[PDB]
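Below are the chains, spelled out letter by letter.
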Amino acid sequence: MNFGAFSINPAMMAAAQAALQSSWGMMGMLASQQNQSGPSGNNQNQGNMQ
Amino acid sequence: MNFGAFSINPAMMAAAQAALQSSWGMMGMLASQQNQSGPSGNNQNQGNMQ
Amino acid sequence: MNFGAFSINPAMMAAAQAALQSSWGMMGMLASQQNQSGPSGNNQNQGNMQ
Amino acid sequence: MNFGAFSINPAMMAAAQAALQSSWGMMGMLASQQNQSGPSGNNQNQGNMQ
Amino acid sequence: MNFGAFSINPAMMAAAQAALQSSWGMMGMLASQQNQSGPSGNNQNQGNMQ
Amino acid sequence: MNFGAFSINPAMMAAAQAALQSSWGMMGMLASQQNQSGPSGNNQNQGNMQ
Amino acid sequence: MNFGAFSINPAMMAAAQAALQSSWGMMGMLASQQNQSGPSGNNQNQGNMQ
Amino acid sequence: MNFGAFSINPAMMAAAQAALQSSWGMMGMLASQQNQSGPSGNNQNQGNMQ
Amino acid sequence: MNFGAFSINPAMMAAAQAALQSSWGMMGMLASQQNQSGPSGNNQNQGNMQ
Amino acid sequence: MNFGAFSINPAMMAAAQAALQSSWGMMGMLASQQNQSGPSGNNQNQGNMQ
Amino acid sequence: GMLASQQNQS
Amino acid sequence: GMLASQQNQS
Amino acid sequence: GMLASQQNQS
Amino acid sequence: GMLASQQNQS
Amino acid sequence: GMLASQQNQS
Amino acid sequence: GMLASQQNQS
Amino acid sequence: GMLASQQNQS
Amino acid sequence: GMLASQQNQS
Amino acid sequence: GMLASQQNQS
Amino acid sequence: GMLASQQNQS
């Protein structure tokens, strides 16, 4: 894959008698790729091009 | 895949007698690809082009 | 796939005697692709072009 | 993969009788790739190009 | 992979009767790659190009 | 694509006052795939899955 | 692509007052794949999965 | 790609008042892959998975 | 790519008032892969996984 | 790439009033991989995984 | 995988 | 994998 | 793997 | 691996 | 591996 | 590319 | 590339 | 590249 | 590169 | 590079 910008920009602002609250499960980018073979296999080709 | 911008931009603003609250399960991008073969296989080709 | 912009932009604003509340299950993009073969297979071709 | 910018920029600002609160599970980028083979395998090719 | 900038820049600012609070599980970049083979294997090729 | 056998087998036999003569322009298989872009292009995705 | 056998087997036999004659332009298999971009291009993704 | 056998086996036999004659332009397998970019390009991704 | 055998075996036999003659342009296997970039390029990713 | 055998075995036999003649341009295997960049380039990634 | 966000307010 | 964010306020 | 963020306020 | 951030305020 | 950050305030 | 085989006999 | 085999007999 | 085999007999 | 085999017989 | 084999017989 090819990206032009990949901009991730939060504005987090709370200025009065106020309360701001935030949580992220992995704010960003996960690029995962995985090969695994089962037992007693043969003649196997596994490839991941991202 | 090919991207032009990929802009993710939140405006989070709370300034009075106010309460802002937010949660994300993975704000962003997950690019996952996976090959796995079952047991006792043979003559198998597995490939993932993203 | 080919994208022109991919803009995701929330405006989150609450400034008075107010309460704003939000949750996301994966705000963003999931690009997943998966190959798996059953047991005791042979002569199999599996490919995922995104 | 090829990136143009990869900008991740948070604005975190709270200046009054206010309370700001934030947490991240891995703000950033995870580039993971993994090969593993099952037991008693032979003639296996596994490769991950990112 | 090839990056243009990789800028990660937080603005953390709280100057009044205020309290700012933040935590990160690995703010940054994790570039992990792993090869492992199961027991009693033979004729196996495993390679990870990032 | 997935093949079962791919057998190419010629029988070439000439044993008397005889003359056998043969020529091939690439006896076999050519699996070619090609991406090219014209000048001054942008925002283009080109992929060939065989 | 995935192959079962890929057998290429010629029988070439001439035993009398005989003359056998043969030529090949690349007897076998050519697996070629090529990416090229034109001048002054930008934001281009080119990938060939075989 | 994944191969089962890849057997290339010629029988070349001429035993009498006989003449056998043969030529090959690359008997075998050519696995070629090539990336090239034109001048003054930017933001380009080129990858060849075989 | 993953191979099962890769057997290349010629039988070359001429025992009488006979003449056998043979030539090969690279009998075997050529596994070539090449990256090159044009002049004045920037932000380019080029990778060849075989 | 992963190979099972890679057997290349010629039988060359001529025992009578006979003449056997043979030539090879590189009988065997050429595993070549090459990265080169054009002049005045910047921000370039080039890698060849075989 | 499984992705979730549990959030409460009082 | 599994990704979660538990958040409470009082 | 598993990624989580537990956060509370009072 | 597993990545977590536990944070509380009172 | 495992990465964690425990933080409290009162 | 271009592939050719020129062969003659007399 | 270009691949050729020139062969003659007399 | 270019691959060739020139062969003659008389 | 370029690979060639020139062979003659008389 | 360039690889060649020149061979003659009379």
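Details of the structure are given in the entry above.
Residues numbered from 1 in each chain as written, not as in the entry; some residues may be left out. Chains lettered and ligands numbered in written order. Heavy atoms only, no water.

**As for the overall build of chain A**
And step 1. Scanning chain A from terminus to terminus reveals 0 helices and 5 strands.
And step 2. Each helix and strand of chain A, ordered N terminal to C terminal, gives the series β-β-β-β-β.
And step 3. The C-alpha radius of gyration computed for chain A amounts to 21 Å, which surpasses the reference 10 Å derived for 50 residues by more than 25%, pointing to a less compact arrangement than a globule.
And step 4. Structurally, chain A occupies a C-alpha span of about 65 × 30 × 5 Å along its principal axes.
And step 5. Out of the 50 residues belonging to chain A, those deemed buried represent 76%. (Helix = DSSP H or I, 4+ residues; strand = E, 2+ residues; numbered from the N terminus. Rg over C-alpha atoms; globule rule 2.2 N^0.38 Å. Buried < 20%, exposed > 50% of the residue type's maximum accessible area, 1.4 Å probe, protein only.)

**A short note on the interface of chain A and chain D**
And step 1. With 50 residues of chain A in contact, the opposing surface of chain D contributes 50 residues.
And step 2. The junction of chain A with chain D conceals about 3,900 Å² of combined surface from both sides, 44% of it contributed by carbon and sulfur atoms.
And step 3. Our enumeration of links across chain A and chain D arrives at 0 salt bridges.
And step 4. For the pair chain A and chain D, the number of links is 56 residue pairs in polar contact.
And step 5. The set of elements that each furnish at least two residues to the side of chain A that touches chain D consists of β1 (7-8), β2 (11-13), β3 (18-25), β4 (28-36) and β5 (42-49) of chain A. (Contact = heavy atoms within 4.5 Å. Buried area = accessible area lost by both parts, 1.4 Å probe. Salt bridge = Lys/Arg side-chain N within 4 Å of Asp/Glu carboxyl O. Polar contact = N/O pair within 3.5 Å; in protein donor to acceptor, adjacent residues only side chain to side chain.)

**A closer look at the nonpolar core**
And step 1. Within the largest apolar cluster, 48 residues are counted, with the highest numbers of intra-cluster contacts made by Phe3(A), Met29(A), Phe3(B), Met29(B), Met29(C), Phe3(D) and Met29(D).
And step 2. Secondary structure elements with two or more residues in this core: β3 and β4 of chain A, β3 (18-25) and β4 (28-36) of chain B, β4 (28-36) of chain C together with β3 (18-25) and β4 (28-36) of chain D.
And step 3. The residues touching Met29(D), leaving out its near neighbours within four places in the chain, are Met26(A), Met29(A), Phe3(D), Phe6(D), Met1(E), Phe3(E), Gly28(E), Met29(E) and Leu30(E).
And step 4. Judged by nonpolar contacts, the second largest core, of 47 residues, contains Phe6(H), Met29(H), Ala18(I) and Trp24(I). (Core = buried A, V, L, I, M, F, W, Y, C linked by side-chain atoms within 4.5 Å.)

**Remarks on the interface of chain T and chain J**
And step 1. Contact with chain T, which involves 5 residues of that partner, is made by 5 residues of chain J.
And step 2. At the boundary of chain T with chain J, total buried surface from both sides reaches about 400 Å², with 51% on carbon and sulfur atoms.
And step 3. The largest contributions to the chain T side of the interface with chain J come from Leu3(T), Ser5(T) and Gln7(T), which together make up 83% of the buried area.
And step 4. At the junction of chain T with chain J, the criterion picks out 0 salt bridges.
And step 5. Put simply, chain T and chain J have 2 residue pairs in polar contact between them.
And step 6. Of the residues assigned to the side of chain T that touches chain J, the class counts are 1 nonpolar, 4 polar and no charged. (Nonpolar A, V, L, I, M, F, W, Y, C, P; charged D, E, K, R; others polar.)

**So, the environment of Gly38(B)**
And step 1. Mapped onto the fold, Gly38(B) is located in the loop between β4 and β5 (42-49).
And step 2. For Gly38(B), a relative accessible area of 7% corresponds to the buried category.
And step 3. Contact partners of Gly38(B), with chain neighbours within four places excluded, come to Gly38(A), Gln44(A), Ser37(C), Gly38(C) and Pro39(C).

**Let's talk about the packing of aromatic side chains**
And step 1. Scanning the entire structure with this criterion turns up 42 aromatic pairs over all chains.
And step 2. A centroid spacing of 4.9 Å and a plane angle of 0° characterise the contact between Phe6(A) and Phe6(B), whose relative ring orientation is stacked. Taken together, the residues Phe6(A) in the segment before β1 and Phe6(B) in the segment before β1 (7-8) connect one chain to another.
And step 3. Here the aromatic rings of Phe3(J) and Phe6(J) are separated by 5.6 Å at their centres, their planes lie at 0°, and the arrangement is stacked.
And step 4. On the accessibility criterion, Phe3(J) (18% relative accessible area) is buried.
And step 5. Since its relative accessible area comes to 26%, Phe6(J) is described here as partly exposed.
And step 6. An aromatic cluster is defined as three or more aromatic residues linked by ring pairs; in this entry it consists of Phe3(A), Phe6(A), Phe3(B), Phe6(B), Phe3(C), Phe6(C), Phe3(D), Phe6(D), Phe3(E) and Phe6(E). (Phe/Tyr/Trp six-rings, centres within 6.5 Å; stacked < 30°, edge-to-face > 60°.)

**Here's the deal with the sheet that holds strand β4 (residues 28-36) of chain J**
Strand pairs in the sheet, formed through backbone hydrogen bonds, run parallel or antiparallel to each other.
And step 1. Strand order in the open sheet made by the 5 strands is β4(F)-β4(G)-β4(H)-β4(I)-β4(J), with parallel pairing throughout. Edge positions in the open sheet fall to β4 (28-36) of chain F together with β4 of chain J, since each of these has one partner strand only. Going across the sheet, the axis of each strand differs from the next one's by a mean of 0°, ignoring polarity.
And step 2. With 9 bridges joining them, β4(F) and strand β4 (residues 28-36) of chain G adopt parallel strand pairing. Across the sheet, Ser32(F) pairs through a bridge with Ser32(G), a residue of β4(G). (Pairing = 2+ DSSP bridges. Axes fitted to C-alpha atoms, helices over the stretch in contact; angles between N-to-C directions.)

**Quick word on unusual backbone geometry**
And step 1. A positive phi angle, close to 55°, is found at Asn43(A), a residue other than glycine.
And step 2. Looking at the element boundaries, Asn43(A) is found in strand β5.
And step 3. A relative accessible area of 11% places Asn43(A) in the buried class.
And step 4. Positive phi is not limited to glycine here, since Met26(D) has a value of about 60°.
And step 5. Looking at where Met26(D) falls in the secondary structure, it is placed in the loop between β3 and β4.

**Regarding the sheet that holds strand β3 (residues 18-25) of chain I**
And step 1. In spatial order, the strands read β3(F)-β3(G)-β3(H)-β3(I)-β3(J); together these 5 strands make up an open sheet with parallel pairing. If you trace the sheet from one side to the other, it starts and ends with β3 (18-25) of chain F together with β3 (18-25) of chain J, each paired once. Shown here is a sheet whose adjacent strand axes are inclined to one another by a mean of 0°, direction ignored.
And step 2. Relative to strand β3 (residues 18-25) of chain H, strand β3 (residues 18-25) of chain G runs parallel, the two being bridged by 8 bridges.

**A look at the side chain of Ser32(H)**
And step 1. Structurally, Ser32(H) can be placed in strand β4 (residues 28-36).
And step 2. Taking the relative accessible area as the measure of exposure, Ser32(H) reaches 19% and is therefore buried.
And step 3. Beyond its immediate chain neighbours, meaning those up to four positions away, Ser32(H) contacts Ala31(G), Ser32(G), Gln33(G), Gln50(H) and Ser32(I).

**Thoughts on the arrangement of the chains**
And step 1. In this view chain A stays clear of chain E, with the nearest C-alpha atoms of the two still 8 Å from each other.
And step 2. Nowhere do chain C and chain I come into contact; their C-alpha atoms are at least 13 Å apart.

**Re the side chain of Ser7(A)**
And step 1. Checked against the element boundaries, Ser7(A) lands in strand β1.
And step 2. Every residue in contact with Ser7(A), bar those within four places of it in the chain, is listed here: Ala5(B), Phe6(B), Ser7(B), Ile8(B), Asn9(B) and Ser7(D).

**Remarks on a nonpolar patch on the surface**
And step 1. Together, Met2(K), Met2(L), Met2(M), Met2(N) and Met2(O) line one region of the surface with nonpolar side chains, adding up to about 450 Å² of accessible area.
And step 2. Here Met2(K) lies in the segment before β1 (3-7). (Patch = residues over 30% accessible without salt bridge, like charges linked within 9 Å, V, L, I, M, F, W, Y side chains within 5 Å. Areas by Shrake-Rupley, 256 points an atom, 1.4 Å probe, with all protein chains shown as cover.)

**Examining the environment of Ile8(B)**
And step 1. Checked against the element boundaries, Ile8(B) lands in strand β1.
And step 2. According to the relative accessible area criterion, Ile8(B) is buried, its value standing at 0%.
And step 3. Along the sequence, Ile8(B) and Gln50(B) sit 42 residues apart, while their C-alpha atoms lie 21 Å from each other.
And step 4. Setting aside anything within four residues of it in sequence, one finds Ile8(B) in contact with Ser7(A), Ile8(A), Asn9(A), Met27(B), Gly28(B), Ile8(C), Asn9(C) and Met27(C).

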